[PDB]
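Because the Cβ atoms are built from the backbone with ideal geometry, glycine has one as well, and the counts that use them run over all protein chains shown. Every number in this text was worked out from the coordinates using simple rules, so none of it is lab data.
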Protein chains: 2
Amino acid sequence: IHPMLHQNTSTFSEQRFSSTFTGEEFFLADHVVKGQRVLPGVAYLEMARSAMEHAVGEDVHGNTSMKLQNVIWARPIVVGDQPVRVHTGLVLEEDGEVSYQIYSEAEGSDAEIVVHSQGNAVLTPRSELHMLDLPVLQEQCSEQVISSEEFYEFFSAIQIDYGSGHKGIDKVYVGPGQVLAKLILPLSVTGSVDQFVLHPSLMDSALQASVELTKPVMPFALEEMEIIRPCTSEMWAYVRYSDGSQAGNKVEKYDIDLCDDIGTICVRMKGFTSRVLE
Amino acid sequence: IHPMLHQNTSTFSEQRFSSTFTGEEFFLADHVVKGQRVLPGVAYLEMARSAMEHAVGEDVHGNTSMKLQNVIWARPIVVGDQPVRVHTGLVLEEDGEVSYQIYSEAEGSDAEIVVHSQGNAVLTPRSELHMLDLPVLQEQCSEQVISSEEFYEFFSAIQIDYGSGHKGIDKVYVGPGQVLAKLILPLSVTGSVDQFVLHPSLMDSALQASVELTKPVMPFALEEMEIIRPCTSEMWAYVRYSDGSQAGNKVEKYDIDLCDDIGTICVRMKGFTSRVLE
Ligand SMILES: [Mg+2]
């Protein structure tokens, strides 16, 4: 169905989308964490996204702008020479919201369910197509500059080995409480672009920039995510603090924005919390 | 998923199983009706069956014996050099029953739904494994005997051309208000046997015997169907009148039973009405 959403395993008890990740996938071969083979927090969002679209059928006109609220991450998925089957389960609220979970079932005990990520999803009309000032942004973000290699080499010191596919970051501009970052899709994943709406390669890269506040940092809680246009054309990301004043080495809360060449915002994050891996 | 149930296209509005039949299928290449390429009334039952099993998930022990009640047929599916997509839609009743429909959407107007078969499905504990008297049955069914060729040649006069795959009938014994029939799976479909539970080749053949009361006869209304063991081992069918005394050239109501070599009843029909094609 979708590179992270393989088939529909829905019964009368649940709306379900099951997926099996051997390890051959690019997002699972170019994002190494603590030595183990781990799926990125951003991938959980595109499953919840592509679940939702398919959990809704033929409909006349209407609004399409999907808003993912109060997303959380509990336990990363580790892939060790054993195919893992992951289940994305949806529940429609009487009010109209949709809550979701992304769990799996262990190969040792199938009667046990483990939750890797939760949240809510609601469909929403489009607001104004907010456009960021691409020339003005670099002006304030002229204090420090980091190149791709140095950026990625900095992670390898923390032992977070981003392979070819996740090398989407490019130039990185720092300002005061401002972050900017040009990012481009990698050549390896040239073809595979029209299969995704929230392409992991660029998105995770956008999340990678948020760590430039400075142990492996892991997505913890995102309180809002707004999708407008497909995350393909967009090669610019912009990270700033959220108006919470909550800064520290264990909990940090940001507002990230990705945008087209022109600067048309296509994805918009708010309240994104990152937490250290133990 | 299943040779007549291809994938699961379920949304929050409906439990769905969509299937596309090009015409290459055996049950759609060996059952010609009025010159047009038509799907057999029996195939609608195995979709409703295999829908149901998959519309129910992981469960601890429990009863498995699926009972299809008040099945009806409205409009045959005609396949004319154009792939047709057929949708099997399920609805769970508060009481516990499950009603179903098997519709499609036309290639000229997609906003229109056409219903080919309806009914109810309920899950039920197994009753006693009723066994028929195979030696005693031929005793009373010794009045008239028809061979395979003559049987099938009789249909071709009505222009119902059963090809290799639907040539499952063998010996046919007639008694007074009794019908018997040995039937065997065809060599063409030797491999494809473990893919079905209600194998069309034998089942339709069992329905073919019911017409031996004597225009193309078409299944109209079956008020009960009970499945116990997979319709693979079973090579014997037995057709008798239902205790309704409702006999005639337009409406006829029977009780068919299929059974193993030994005689273990695996499928059991009751109240099966057949009606003439206009
Ligand atoms: Mg439902």
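Assorted remarks:
- Think of chain B as a dipole: +1 on every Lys or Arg Cβ, -1 on every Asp or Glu Cβ, centred on the Cα centre; then among B:214, B:235, B:8, B:214 lies furthest on the positive end.
- Filtered GluC sites (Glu not before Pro), segment B:44-101: DSSP coil and at most 10 other beta carbons within 10 Å: B:58, B:93, B:94
- Loop trypsin sites (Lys or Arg not before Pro), segment B:31-64, which have at most 16 other Cβ atoms in a 10 Å radius of their Cβ (DSSP): B:34
- Whole-angstrom gap from segment B:29-71 to segment B:175-254, using each part's C-alpha centre: 14
- Under the Karplus curve 6.51 cos²θ - 1.76 cosθ + 1.60, θ = phi - 60°, whole-Hz ³J(HN,Hα) for segment A:234-241, x wherever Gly or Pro sits: 6, 10, 10, 10, 8, 10, 9, 6
- Distances, shortest first, from the label point of residue A:63 to those at the same position in the other copies read 4.7 nm; the point lies 7 Å along Cα to C-beta.
- If you sort the three axes of the alpha carbon gyration tensor as a ≥ b ≥ c, you get a/c of 1.5 or more for segment B:100-141 and a/b no higher than b/c, which makes it oblate.
- Here residue B:24 and residue A:153 are evaluated by their C-beta separation; at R0 = 45 Å the FRET efficiency comes out at 0.20.
- Low-density loop positions, trypsin sites (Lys or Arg not before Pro), segment A:233-278 - DSSP coil, at most 12 other Cβ in 10 Å: A:250
- The Rg/Rh ratio for the protein assembly as shown, using Cα coordinates for both the radius of gyration and the Kirkwood hydrodynamic radius, is 1.12.
- Seen through its C-alpha gyration tensor, with square-root eigenvalues sorted a ≥ b ≥ c, segment A:145-262 comes out oblate because a/c lies at 1.5 or above while a/b is not bigger than b/c.
- Partners for residue B:250 among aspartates and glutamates (Cα-Cα distance below 18 Å; same-chain residues under 8 apart left out): B:212, B:223, B:278
- Rounded if a/c under 1.5, otherwise prolate or oblate - segment B:1-148, Cα gyration tensor axes: oblate
- Residue B:67-residue B:250 pseudo-label distance in nm [points 7 Å out on the Cα-to-Cβ vector]: 3.2
- Of all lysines in the structure, those lying under 20 Å Cα to Cα from residue B:182, and not within fewer than 8 positions of it along the same chain, are B:167, B:171, B:270.
- Alpha carbon convex hull of segment A:98-206, projected area averaged over orientations, nm²: 11.2
- For the pair residue A:190 and residue A:78, a Förster radius of 30 Å applied to the C-beta separation gives a FRET efficiency near 0.55, rounded to the nearest 0.05.
- Shortest first, residue A:140 label-point distances to identical copies amount to 9.3 nm, with the label point at 7 Å from Cα along Cα→Cβ.
- Ranked A:260, A:81, A:243, criterion: other C-beta atoms within 10 Å, fewest first: A:81, A:243, A:260
- Helical runs (DSSP H, four residues minimum) scored at -39500 (n - 2.57) apiece and divided by the length of chain A put the mean residue ellipticity at 222 nm at -4500 deg cm²/dmol.
- Sorted by Cβ neighbour density within 10 Å, fewest at the top, the residues B:124, B:232, B:214: B:214, B:124, B:232
- Pairwise Cα separations in chain A fall into 10 Å bins from 0 onward with the following percentages, short to long: 6, 29, 38, 21, 5, 0.
- Within-12-Å neighbourhood charge of residue B:277 [Cβ basis; K, R +1; D, E -1]: +4
- Dipole-positive endmost among A:251, A:55, A:119 within chain A (Cβ charges, Cα centre): A:251
- Annotation: the residues B:73, B:236, sorted from fewest to most other C-beta atoms within 10 Å of their own C-beta, follow the order B:73, B:236.
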